[PDB]
Amino acid sequence: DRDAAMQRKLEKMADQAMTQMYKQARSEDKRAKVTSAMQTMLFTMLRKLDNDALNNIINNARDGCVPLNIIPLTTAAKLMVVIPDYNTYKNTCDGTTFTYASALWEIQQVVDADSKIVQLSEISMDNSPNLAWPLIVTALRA
Amino acid sequence: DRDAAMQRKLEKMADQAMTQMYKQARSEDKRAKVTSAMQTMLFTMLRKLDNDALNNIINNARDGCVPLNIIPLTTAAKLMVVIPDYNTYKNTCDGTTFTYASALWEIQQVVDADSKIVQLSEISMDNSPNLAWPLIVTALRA
Amino acid sequence: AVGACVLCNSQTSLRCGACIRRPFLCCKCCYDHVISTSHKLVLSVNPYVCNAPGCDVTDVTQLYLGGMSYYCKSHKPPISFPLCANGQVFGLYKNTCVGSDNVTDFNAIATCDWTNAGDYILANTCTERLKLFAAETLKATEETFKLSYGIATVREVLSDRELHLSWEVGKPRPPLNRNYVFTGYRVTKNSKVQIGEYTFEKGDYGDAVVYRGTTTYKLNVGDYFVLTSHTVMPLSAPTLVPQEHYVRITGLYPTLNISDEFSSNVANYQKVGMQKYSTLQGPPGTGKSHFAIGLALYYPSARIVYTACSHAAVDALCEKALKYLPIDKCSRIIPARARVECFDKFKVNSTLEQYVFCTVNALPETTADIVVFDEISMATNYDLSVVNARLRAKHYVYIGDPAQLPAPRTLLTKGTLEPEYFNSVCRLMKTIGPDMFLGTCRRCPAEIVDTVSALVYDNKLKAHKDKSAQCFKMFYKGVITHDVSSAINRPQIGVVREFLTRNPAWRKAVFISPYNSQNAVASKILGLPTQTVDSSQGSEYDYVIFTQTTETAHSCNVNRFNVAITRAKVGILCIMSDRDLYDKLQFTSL
Amino acid sequence: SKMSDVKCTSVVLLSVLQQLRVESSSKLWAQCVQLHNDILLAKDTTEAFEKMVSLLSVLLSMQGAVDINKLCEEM
Amino acid sequence: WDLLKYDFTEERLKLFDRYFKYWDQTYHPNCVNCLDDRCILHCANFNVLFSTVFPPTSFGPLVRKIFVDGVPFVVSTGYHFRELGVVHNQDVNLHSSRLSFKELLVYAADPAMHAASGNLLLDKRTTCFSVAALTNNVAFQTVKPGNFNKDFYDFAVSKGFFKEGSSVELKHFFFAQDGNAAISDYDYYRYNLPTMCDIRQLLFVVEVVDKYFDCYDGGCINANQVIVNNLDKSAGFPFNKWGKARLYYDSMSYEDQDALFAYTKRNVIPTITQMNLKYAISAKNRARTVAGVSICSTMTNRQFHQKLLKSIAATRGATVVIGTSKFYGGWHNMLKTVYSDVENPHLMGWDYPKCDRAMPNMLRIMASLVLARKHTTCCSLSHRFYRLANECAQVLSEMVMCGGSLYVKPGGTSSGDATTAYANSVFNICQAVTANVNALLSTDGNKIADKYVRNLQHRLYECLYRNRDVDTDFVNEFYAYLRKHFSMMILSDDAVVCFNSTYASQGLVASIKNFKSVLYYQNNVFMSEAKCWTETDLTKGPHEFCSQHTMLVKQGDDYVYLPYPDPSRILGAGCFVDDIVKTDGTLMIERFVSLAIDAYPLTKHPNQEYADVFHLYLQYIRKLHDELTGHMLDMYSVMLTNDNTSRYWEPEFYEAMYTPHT
Ligand SMILES: Nc1ncnc2c1ncn2[C@@H]1O[C@H](COP(=O)(O)OP(=O)(O)O)[C@@H](O)[C@H]1O
Ligand SMILES: [Mg+2]
Ligand SMILES: [Zn+2]
Ligand SMILES: [Zn+2]
Ligand SMILES: [Zn+2]
Ligand SMILES: [Zn+2]
Ligand SMILES: [Zn+2]
């Protein structure tokens with residue numbers, strides 16, 4: 001019984017050590033991977049929502065058609081968005097109208113990285129390959 | 001086994017005494033550190049004092065006792081004005097010099113809430129939305 | 001303290017104690033490694049030694065996990081159980097460890113001393129994790145080789161500008177140059193403590209070293225020196241980021257009439273934009289490092305980090321960029337000690353500038369839009385992993401040629417290393433081919449290129465100049481003085497000195513020789529700018545005097561001689577030793 | 001559960017923004033905090049989705065902060 | 001006025017002789033000359049009015065230049081309270097040679113050197129008086145959002161939670177704050193106005209409240225008798241720059257802690273209190289701020305008040321339910337003591353809007369004097385006055401460190417002093433007694449049919465406005481009347497009343513409208529009746545007390561009152577955490593065991609969606625243990641020998657938590 005008592009004391013201390021080491025290892029592993037885990041969780045939750053505006057802005061961000069400021073909610077407010085190629089312009093921009101964030105915007109001002117004003121008539125398959133891409137389009141919420 | 005019991009008590013009380021001694025030595029070598037830190041803080045604050053102005057206002061006191069709230073207000077050489085919006089800035093310290101506490105102050109620096117330097121030409125009615133309010137202006141007594 | 005097995009990336013908590021780098025190993029892989037090799041020490045969270053009062057057993061098949069600790073055969077608690085058994089080695093995550101078949105190459109990588117040549121050809125054609133582990137242990141072995149260099153001491157001081165040296169009897173003597181430093185001792189009774197950081201270089205006359213120190217302490221005769229050690233950091237990033245072929249250029253933007261000089265490489269610029277990483281292989285002086293600056297002029301908005309393994313190559317790249325790029329937006333990043341004298345004409349050491357030039361070793365962790373690695377021959381897999389870890393990027397461009405001289409590889413002393421095993425980039429270049437290839441010499445005259453298209457390149461290069469007849473091949477015996485453990489050829493230097501006052505247009509030709517000793521000692525006798533062949537690569541000069549110091553396997557190396565001669569721009573005089581080497585080239589009479 | 005999925009996604013999004021040191025720019029952090037708090041105090045799902053678009057535009061505007069292509073290829 | 005002027009005694013006497021000329025009780029402009037605490041309140045009430053005509057720069061600490069080892073310090077040798085007048089220290093050494101640890105602590109705690117060395121401040125973001133800027137730049141402290149426990153949320157939504165239209169929905173979150181939060185919360189001290197009280201009425205309410213606090217015992221204790229709960233807590237400014245409270249409770253022996261405590265009985269020590277933003281889960285997006293008081297104040301306040309405070313926390317069955325657990329039948333016992341033989345019982349509960357920031361200084365001084373009535377033998381009159389002065393200088397009207405800047409707190413209780421909940425309980429009882437007095441006096445008197453209550457009203461008016469000495473017989477009679485017809489249950493700002501509905505309808509006992517009137521004229525707040533509840537049926541219990549609803553269940557064979565929380569609160573605590581490692585789950589199974597203990601009484605709720613929260617927590621505990629054992633068996637190859645975690649997903653471990661056997 002004395003031998004069994006010291007056996008149980010030894011195995012109790014073994015369980016103490018196992019639990020403490022597991023807690024330490026898991027805590028340091030979770031605190032180490034806090035940025036990438038949070039970003040992956042955020043994009044998982046974003047995909048699960050499957051909102052049409054969120055999916056639109058994310059798909060445009062993958063192509064590089066990201067905004068330059070916070071997308072505004074008030075009507076007739078200003079959105080600045082960089083378009084990096086004619087492909088992203090052809091789908092989003094129809095005439096003077098700009099489809100973005102599941103909303104329609106009125107194109108106001110197109111500039112280049114030289115800040116040169118470019119008319120909407122100059123964006124085409126032939127003249128743009130000489131332009132200073134990426135364009136930056138400033139539009140108003142309609 | 002009877003003397004082994006006394007040996008158990010000997011080792012137990014010896015370890016307890018050693019732990020108590022270690023704890024007491026640690027708490028006595030941590031007391032001197034905070035004593036030195038408090039002394040250095042007090043003496044640096046002594047060296048910060050504007051001795052001439054403080055001496056004047058304390059010799060003007062009849063009992064030698066003055067309110068604390070007037071110690072900066074009459075002797076501090078530097079004033080920090082925290083301003084939440086542009087109308088308040090125009091009211092209190094517009095221009096490179098202004099008046100507060102019956103004294104004359106000259107603007108030596110302006111920073112924003114981001115601790116970035118702001119020039120006096122950038123604090124305007126139309127440039128107000130582009131500034132990270134509040135603005136902290138630092139002025140020196142003239 | 002858990003980790004990932006090197007050759008299977010399972011979870012583990014074991015490491016090999018005998019290995020220099022102490023790599024993590026899963027249970028199956030650790031059993032396979034220890035039961036077959038001579039390594040018999042395994043470190044868990046606690047080391048696997050025997051926990052008797054006093055016992056020293058490390059072999060893992062002898063041990064048991066008894067009671068609450070690891071105990072040997074006749075010290076164990078009566079309750080067992082064996083550690084190294086059941087085809088595994090007992091560790092954490094025991095029943096999730098999948099083994100491999102790469103415990104046959106890992107044994108060779110861990111065991112080998114990097115003396116033969118096959119160790120490098122097995123350290124560069126293995127799997128991707130072993131490509132990193134082998135580079136790590138190779139750097140570790142190269143560092144620990146310095147621990148076998150003889151302890152110095154001072155004989156006396158007649159002249160305080162030139163120390164006297166005395167090596168310990170019975171040990172090898174390290175070479176005397178700038179790359180090696182020393183730190184002292186004063187072990188008499190009385191201060192076994194360091195006395196400063198010193199460095200050495202030989203003197204021409206007698207036995208003397210014209211030393212240098214970080215402080216100004218003198219050595220009472222008991223004070224002495226020992227070469228210190230550079231601990232080698234761990235590395236994680238892959239040697240080459242996996243390639244993806246984009247349909248169109250992403251992240252980069254073209255320009256409006258880039259120039260009238262870079263109008264030929266436009267297609268290669270577009271190809272660079274299309275692919276994740278690109279490789280440019282070309283014979284020397286064909287437009288490789290003048291391709292990178294043209295690329296910068298083609299992607300003006302793209303932040304670019306230029307890097308190289310050497311200092312005298314990135315300095316030439318900096319000078320070229322100053323000649324072409326806007327000088328306002330440049331930088332130059334130098335190490336804290338800055339052993340060599342670097343380029344001080346831009347705003348030095350500003351990492352956040354648009355165009356940033358640095359060595360591989362001093363790269364700071366940052367981002368970019370395209371990173372241009374240059375002279376990949378000088379770079380080992382350690383440098384590739386370093387540049388792939390510190391600098392994130394959208395596009396990678398590796399420019400260089402395998403036929404130039406490779407990295408030093410001081411440990412290698414048996415056999416020769418073929419080009420296709422210099423590193424992963426050169427292996428890619430030689431296996432499937434470069435992504436961009438330009439063979440036409442735009443720098444060197446017709447004679448020297450028409451001779452180098454016979455030594456190294458099999459009659460491939462046409463070129464563009466006219467042979468100015470200022471290409472000279474000299475016959476001179478050149479008696480040997482093996483002085484600084486690198487040879488010095490005093491009579492060849494005498495030939496040069498006696499026929500450098502007969503050449504009024506050669507007063508500024510750079511002096512090139514394979515041996516650093518003669519290359520450094522020539523500065524007194526002729527006063528020309530001096531340069532070793534290894535660092536001359538990547539830089540051009542208007543006139544070159546090359547001296548084959550001694551006949552060996554180092555100075556008669558066709559790659560070294562080819563990278564030496566082709567730095568000339570209008571003419572080069574070279575004095576040769578090998579009756580063959582002087583005959584394979586076609587130069588003037590003398 | 002769609003209203004409560006938006007209110008948790010905004011929490012994770014603001015945690016990501018705080019990790020990306022958006023907190024250093026007080027003018028941007030004030031807008032992010034306002035949007036996050038107005039999403040949490042929402043009764044209508046359309047308002048919460050519009051404010052989620054505005055709050056995600058802060059994450060999408062900073063090009064060098066996150067790798068959108070790598071993050072969206074893990075799904 | 002002259003800026004250096006601080007002694008307005010002659011001006012106060014002129015004001016008193018000009019307006020209250022025939023008020024025939026003696027007035028002391030400086031309350032250091034008062035005869036007792038009944039005279040401190042009277043003269044302090046007059047000083048509250050008279051201090052509104054004097055410059056605000058003349059109040060606060062009174063500094064003086066002393067010399068220690070030849071170097072000139074500027075230290076506070078007094079104070080000018082708006083309520084207590086001018087107070088001078090009794091132990092002032094103008095020339096010293098060495099500073100002991102006690103004197104070093106005293107000279108570091110007080111704001112004399114910090115304000116005298118810092119820059120002048122003009123903070124236009126607040127209307128509060130800004131004293132100084134200690135650093136060279138303002139600090140803008142933000143509040144982070146919470147950490148999302150996605151595993152628990154996925155488990156919950158897999159169980160049918162958070163559906164559209166469901167009764168249980170997430171309403172408690174971690175609300176983030178910008179840099180302008182800590183200075184926007186402190187600006188709420190703009191709701192503290194100087195309120196002059198009815199002194200002939202307050203002096204009777206004090207006697208009734210003291211009757212309420214008669215069952216306890218208190219007095220000074222030694223430094224070896226003080227027990228501190230957690231020593232790893234902040235020591236306030238500037239002491240948090242070198243360690244926690246453990247450092248200063250270890251570095252000071254009992255001898256120089258008793259020396260400091262005896263110093264505070266003859267000298268006033270001003271103290272700086274930090275404002276700390278609170279990072280916790282809440283249902284509203286307004287930032288919450290706590291007051292970190294210095295260790296030099298907390299130590300002496302513990303040594304002064306802790307005997308009485310522990311005596312209150314150890315009494316069962318009283319009005320002030322502090323120290324009474326809600327487990328093991330403690331909630332049922334509390335609710336049965338509230339229903340203490342009232343005749344026509346209706347339950348009532350009210351709210352104090354901006355309770356800690358709108359509380360008048362007169363009522364805080366009243367609470368401090370009521371707590372200090374236990375020191376009738378350990379302390380002299382001057383000792384009790386200087387302890388009250390230290391309380392006012394360190395708690396009531398202090399220097400506040402808010403973002404690296406020293407401001408002046410206009411008044412109101414700080415939520416970080418040693419006696420916060422207990423002084424708040426005294427304030428709550430005082431307001432309730434005042435409401436009852438006003439209700440009884442504002443009744444007609446010719447309409448009161450009961451001849452006993454008419455004579456009670458007559459004698460109440462006599463004891464208020466026609467009697468200057470305490471009539472202990474009538475104070476006992478009114479206390480008996482209040483206990484019989486207005487039974488109370490107080491936890492520091494929560495109160496359940498079991499009043500007589502017939503008397504309250506006849507106006508003989510306080511109603512909700514009486515509390516609204518009293519809080520209007522005595523708290524400078526408006527108490528909307530949308531936050532105050534009335535319960536006509538006792539079988540449903542109080543609507544809400546300490547954020548817990550009450551329901552009557554059949555436990556065993558008898559009916560008992562069980563408290564259940566908001567299911568939104570428990571689900572929000574499960575889903576949102578304040579640390580990244582509380583998201584692992586397997587690391588924190590006790591975290592969910594405690595939440596299941598709190599959420600157990602929901603299983604008796606008639607709404608099934610409420611009853612499913614406890615089962616959700618039990619199932620998540622079981623899943624957490626399953627995956628914890630899986631991960632442990634993976635990290636090794638052996639299971640744990642002893643595992644007693646099976647009892648945490650059995651409902652008996654939680655059922656026994658609300659059974660009166662313990
Ligand atoms: N398109 C070109 N037209 C004229 N000269 C060129 C052109 N491209 C390169 N050169 C010349 O050829 C040389 C090649 O230099 P560099 O690119 O450094 O060669 P390497 O890359 O082999 O070191 C440059 O000095 C430059 O003067
Ligand atoms: Mg080159
Ligand atoms: Zn090994
Ligand atoms: Zn493995
Ligand atoms: Zn042994
Ligand atoms: Zn009085
Ligand atoms: Zn007392």
# chains A, B, ... in the order shown; residues from 1 in each chain; ligands from 1
call {"tool": "residues_around", "arguments": {"residues": "residue 134 (chain A)", "least_positions_apart": "6", "cutoff": "7 Å", "atoms": "only C-alpha atoms", "output": "PyMOL selection string"}}
result
chain A and resi 82-85+112-113
call {"tool": "write_last_selection", "arguments": {"atoms": "N, CA and C atoms", "output": "mmCIF file, in the first residue's frame"}}
result
data_model
loop_
_atom_site.group_PDB
_atom_site.id
_atom_site.type_symbol
_atom_site.label_atom_id
_atom_site.label_comp_id
_atom_site.auth_asym_id
_atom_site.auth_seq_id
_atom_site.Cartn_x
_atom_site.Cartn_y
_atom_site.Cartn_z
ATOM 1 N N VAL A 82 -9.054 53.085 -57.868
ATOM 2 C CA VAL A 82 -8.000 52.911 -58.861
ATOM 3 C C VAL A 82 -8.313 51.696 -59.722
ATOM 4 N N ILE A 83 -8.303 51.890 -61.034
ATOM 5 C CA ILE A 83 -8.529 50.845 -62.027
ATOM 6 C C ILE A 83 -7.197 50.565 -62.712
ATOM 7 N N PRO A 84 -6.675 49.341 -62.653
ATOM 8 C CA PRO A 84 -5.317 49.073 -63.141
ATOM 9 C C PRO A 84 -5.205 48.597 -64.583
ATOM 10 N N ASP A 85 -6.309 48.331 -65.275
ATOM 11 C CA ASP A 85 -6.236 47.855 -66.650
ATOM 12 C C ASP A 85 -7.594 48.035 -67.306
ATOM 13 N N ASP A 112 -4.703 60.061 -64.192
ATOM 14 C CA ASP A 112 -3.641 59.072 -64.265
ATOM 15 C C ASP A 112 -2.707 59.233 -63.067
ATOM 16 N N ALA A 113 -1.619 58.458 -63.053
ATOM 17 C CA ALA A 113 -0.606 58.624 -62.016
ATOM 18 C C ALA A 113 0.185 59.913 -62.192
#
call {"tool": "calpha_fit_rmsd", "arguments": {"fixed": "chain A", "moving": "chain B"}}
result
11.9 Å
call {"tool": "residues_near_ligand", "arguments": {"ligand": "ligand 2", "cutoff": "8 Å", "atoms": "only C-alpha atoms and all ligand atoms", "output": "list in words"}}
result
residues 284, 285, 286, 287, 288, 289, 290, 313, 317, 374, 375, 399, 400, 537, 538 and 539 of chain C
call {"tool": "write_last_selection", "arguments": {"atoms": "C-alpha atoms", "output": "PDB file, in the first residue's frame"}}
result
ATOM      1  CA  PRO C 284      29.716  38.650 -69.357  1.00  0.00           C
ATOM      2  CA  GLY C 285      29.372  42.174 -70.674  1.00  0.00           C
ATOM      3  CA  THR C 286      26.311  41.553 -72.831  1.00  0.00           C
ATOM      4  CA  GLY C 287      23.773  43.742 -71.034  1.00  0.00           C
ATOM      5  CA  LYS C 288      22.706  41.763 -67.975  1.00  0.00           C
ATOM      6  CA  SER C 289      23.090  44.330 -65.306  1.00  0.00           C
ATOM      7  CA  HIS C 290      22.115  47.007 -67.706  1.00  0.00           C
ATOM      8  CA  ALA C 313      29.470  44.217 -57.839  1.00  0.00           C
ATOM      9  CA  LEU C 317      25.455  48.495 -60.139  1.00  0.00           C
ATOM     10  CA  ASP C 374      22.457  39.924 -59.392  1.00  0.00           C
ATOM     11  CA  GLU C 375      25.431  37.609 -59.949  1.00  0.00           C
ATOM     12  CA  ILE C 399      20.402  37.898 -63.410  1.00  0.00           C
ATOM     13  CA  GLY C 400      23.739  36.142 -63.691  1.00  0.00           C
ATOM     14  CA  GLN C 537      33.235  40.446 -61.347  1.00  0.00           C
ATOM     15  CA  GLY C 538      30.352  42.749 -62.223  1.00  0.00           C
ATOM     16  CA  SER C 539      32.508  45.871 -62.617  1.00  0.00           C
TER      17      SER C 539
END
call {"tool": "closest_atom_pairs", "arguments": {"of": "chain C", "to": "chain D", "cutoff": "12 Å", "atoms": "only C-alpha atoms", "output": "CSV"}}
result
residue,atom,partner,partner_atom,distance
C:250,CA,D:69,CA,11.8
C:251,CA,D:63,CA,10.7
C:366,CA,D:64,CA,10.9
C:367,CA,D:64,CA,8.4
C:368,CA,D:64,CA,9.5
C:369,CA,D:64,CA,10.3
C:392,CA,D:64,CA,10.6
C:393,CA,D:64,CA,10.6
C:394,CA,D:67,CA,10.8
call {"tool": "interface_residues", "arguments": {"of": "chain B", "to": "chain E", "cutoff": "8 Å", "atoms": "only C-alpha atoms", "output": "number ranges by chain"}}
result
B: 27-28, 30-31, 34-35, 37-39, 42, 45-46, 48-49, 57-58, 60-61, 64-73, 76-84, 88, 113, 115, 136
call {"tool": "write_last_selection", "arguments": {"atoms": "C-alpha atoms", "output": "PDB file, in the first residue's frame"}}
result
ATOM      1  CA  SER B  27      11.622  42.421  -0.878  1.00  0.00           C
ATOM      2  CA  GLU B  28      14.458  44.398   0.730  1.00  0.00           C
ATOM      3  CA  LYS B  30      13.260  45.728  -4.331  1.00  0.00           C
ATOM      4  CA  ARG B  31      12.580  48.443  -1.730  1.00  0.00           C
ATOM      5  CA  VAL B  34      11.827  52.056  -5.662  1.00  0.00           C
ATOM      6  CA  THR B  35      13.340  54.390  -3.054  1.00  0.00           C
ATOM      7  CA  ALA B  37      13.450  55.783  -8.316  1.00  0.00           C
ATOM      8  CA  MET B  38      11.257  58.050  -6.183  1.00  0.00           C
ATOM      9  CA  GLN B  39      14.292  60.119  -5.174  1.00  0.00           C
ATOM     10  CA  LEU B  42      11.549  64.081  -7.057  1.00  0.00           C
ATOM     11  CA  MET B  45      10.995  67.552 -10.826  1.00  0.00           C
ATOM     12  CA  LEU B  46      12.945  69.931  -8.576  1.00  0.00           C
ATOM     13  CA  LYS B  48      12.352  71.343 -13.768  1.00  0.00           C
ATOM     14  CA  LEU B  49      11.091  74.237 -11.628  1.00  0.00           C
ATOM     15  CA  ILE B  57       4.952  84.426  -6.491  1.00  0.00           C
ATOM     16  CA  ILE B  58       5.844  82.636  -3.251  1.00  0.00           C
ATOM     17  CA  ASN B  60       4.376  87.696  -2.637  1.00  0.00           C
ATOM     18  CA  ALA B  61       2.389  85.246  -0.487  1.00  0.00           C
ATOM     19  CA  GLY B  64       4.231  81.666   2.242  1.00  0.00           C
ATOM     20  CA  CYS B  65       1.326  79.465   1.123  1.00  0.00           C
ATOM     21  CA  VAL B  66      -0.255  79.704  -2.334  1.00  0.00           C
ATOM     22  CA  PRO B  67      -2.930  77.659  -4.137  1.00  0.00           C
ATOM     23  CA  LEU B  68      -1.503  74.900  -6.299  1.00  0.00           C
ATOM     24  CA  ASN B  69      -3.800  75.716  -9.232  1.00  0.00           C
ATOM     25  CA  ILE B  70      -1.995  79.038  -9.793  1.00  0.00           C
ATOM     26  CA  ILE B  71       1.515  77.540  -9.750  1.00  0.00           C
ATOM     27  CA  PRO B  72       1.505  76.675 -13.500  1.00  0.00           C
ATOM     28  CA  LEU B  73      -0.871  79.505 -14.365  1.00  0.00           C
ATOM     29  CA  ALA B  76       4.827  77.719 -16.294  1.00  0.00           C
ATOM     30  CA  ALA B  77       6.917  78.736 -19.297  1.00  0.00           C
ATOM     31  CA  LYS B  78       5.123  76.453 -21.777  1.00  0.00           C
ATOM     32  CA  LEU B  79       1.406  76.156 -22.530  1.00  0.00           C
ATOM     33  CA  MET B  80      -0.326  73.249 -24.266  1.00  0.00           C
ATOM     34  CA  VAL B  81      -3.714  74.063 -25.802  1.00  0.00           C
ATOM     35  CA  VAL B  82      -5.861  71.106 -26.878  1.00  0.00           C
ATOM     36  CA  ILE B  83      -8.477  72.185 -29.416  1.00  0.00           C
ATOM     37  CA  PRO B  84     -11.272  69.895 -30.701  1.00  0.00           C
ATOM     38  CA  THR B  88     -12.465  76.806 -31.035  1.00  0.00           C
ATOM     39  CA  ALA B 113      -3.876  63.920 -32.600  1.00  0.00           C
ATOM     40  CA  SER B 115       1.538  63.720 -33.213  1.00  0.00           C
ATOM     41  CA  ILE B 136      -2.363  70.304 -29.632  1.00  0.00           C
TER      42      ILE B 136
END
call {"tool": "residues_near_ligand", "arguments": {"ligand": "ligand 7", "cutoff": "7 Å", "atoms": "only C-alpha atoms and all ligand atoms", "output": "ChimeraX atom specification"}}
result
/E:219-220,304,375,378-379
call {"tool": "write_last_selection", "arguments": {"atoms": "N, CA and C atoms", "output": "short mmCIF file (atom, residue, chain, number, x, y, z; two decimals), in the first residue's frame"}}
result
data_model
loop_
_atom_site.label_atom_id
_atom_site.label_comp_id
_atom_site.auth_asym_id
_atom_site.auth_seq_id
_atom_site.Cartn_x
_atom_site.Cartn_y
_atom_site.Cartn_z
N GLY E 219 -14.18 50.72 13.58
CA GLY E 219 -13.10 51.39 14.27
C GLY E 219 -11.78 51.13 13.58
N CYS E 220 -10.75 51.78 14.08
CA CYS E 220 -9.42 51.64 13.49
C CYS E 220 -8.82 50.29 13.83
N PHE E 304 -8.57 52.60 7.96
CA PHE E 304 -9.59 53.37 8.67
C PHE E 304 -10.96 52.69 8.64
N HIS E 375 -16.14 55.37 14.97
CA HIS E 375 -14.90 55.76 15.63
C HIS E 375 -15.15 56.70 16.81
N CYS E 378 -11.85 55.19 19.24
CA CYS E 378 -10.48 55.10 18.73
C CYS E 378 -9.97 56.46 18.26
N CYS E 379 -10.86 57.35 17.85
CA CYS E 379 -10.47 58.63 17.27
C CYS E 379 -10.99 59.78 18.10
#
call {"tool": "residues_near_ligand", "arguments": {"ligand": "ligand 3", "cutoff": "9 Å", "atoms": "only C-alpha atoms and all ligand atoms", "output": "ChimeraX atom specification"}}
result
/C:15-23,30,33-34,37-42,106-107,110-111
call {"tool": "write_last_selection", "arguments": {"atoms": "N, CA and C atoms", "output": "compact mmCIF listing (two decimals), in the first residue's frame"}}
result
# COMPACT_ATOMS: atom_id res chain seq x y z
N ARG C 15 14.89 16.32 -31.32
CA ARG C 15 15.96 16.90 -32.11
C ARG C 15 17.16 15.97 -32.03
N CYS C 16 18.04 16.05 -33.02
CA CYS C 16 19.26 15.26 -33.01
C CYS C 16 20.36 16.06 -32.34
N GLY C 17 20.87 15.55 -31.22
CA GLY C 17 21.90 16.27 -30.49
C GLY C 17 23.23 16.33 -31.23
N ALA C 18 23.60 15.24 -31.90
CA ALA C 18 24.90 15.18 -32.55
C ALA C 18 24.98 16.08 -33.77
N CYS C 19 23.86 16.32 -34.44
CA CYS C 19 23.86 17.21 -35.60
C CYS C 19 24.19 18.63 -35.18
N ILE C 20 24.94 19.33 -36.03
CA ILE C 20 25.38 20.68 -35.70
C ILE C 20 24.20 21.63 -35.59
N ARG C 21 23.22 21.48 -36.48
CA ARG C 21 22.09 22.40 -36.52
C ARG C 21 20.95 22.00 -35.59
N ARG C 22 21.00 20.80 -35.01
CA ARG C 22 19.97 20.28 -34.11
C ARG C 22 18.59 20.38 -34.74
N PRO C 23 18.29 19.59 -35.77
CA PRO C 23 17.00 19.72 -36.46
C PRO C 23 15.91 18.90 -35.80
N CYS C 30 13.22 10.10 -36.78
CA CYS C 30 14.31 10.07 -35.81
C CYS C 30 14.81 8.66 -35.58
N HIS C 33 16.92 7.74 -38.54
CA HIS C 33 18.20 8.43 -38.58
C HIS C 33 19.17 7.89 -37.53
N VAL C 34 18.69 7.58 -36.33
CA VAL C 34 19.62 7.18 -35.27
C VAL C 34 19.99 5.70 -35.35
N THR C 37 22.82 5.62 -38.52
CA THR C 37 24.03 6.42 -38.51
C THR C 37 24.75 6.27 -37.18
N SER C 38 25.78 7.09 -36.98
CA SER C 38 26.52 7.12 -35.73
C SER C 38 25.97 8.13 -34.74
N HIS C 39 24.94 8.89 -35.12
CA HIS C 39 24.30 9.83 -34.21
C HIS C 39 23.43 9.06 -33.23
N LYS C 40 23.70 9.23 -31.94
CA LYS C 40 22.99 8.50 -30.90
C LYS C 40 22.59 9.40 -29.73
N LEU C 41 22.29 10.67 -29.99
CA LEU C 41 21.85 11.60 -28.96
C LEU C 41 20.60 12.31 -29.44
N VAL C 42 19.53 12.23 -28.65
CA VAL C 42 18.23 12.80 -29.00
C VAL C 42 17.79 13.73 -27.89
N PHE C 106 19.16 12.26 -45.89
CA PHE C 106 19.42 13.05 -44.69
C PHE C 106 20.59 12.50 -43.90
N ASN C 107 20.77 11.18 -43.90
CA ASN C 107 21.95 10.60 -43.27
C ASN C 107 23.22 11.10 -43.93
N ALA C 110 23.73 14.88 -43.06
CA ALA C 110 24.18 15.11 -41.69
C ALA C 110 25.60 14.60 -41.47
N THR C 111 25.94 13.45 -42.05
CA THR C 111 27.22 12.82 -41.78
C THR C 111 28.38 13.50 -42.51
call {"tool": "residues_around", "arguments": {"residues": "residue 445 (chain C)", "least_positions_apart": "5", "cutoff": "7 Å", "atoms": "only C-alpha atoms", "output": "PyMOL selection string"}}
result
chain C and resi 465-467+569-570
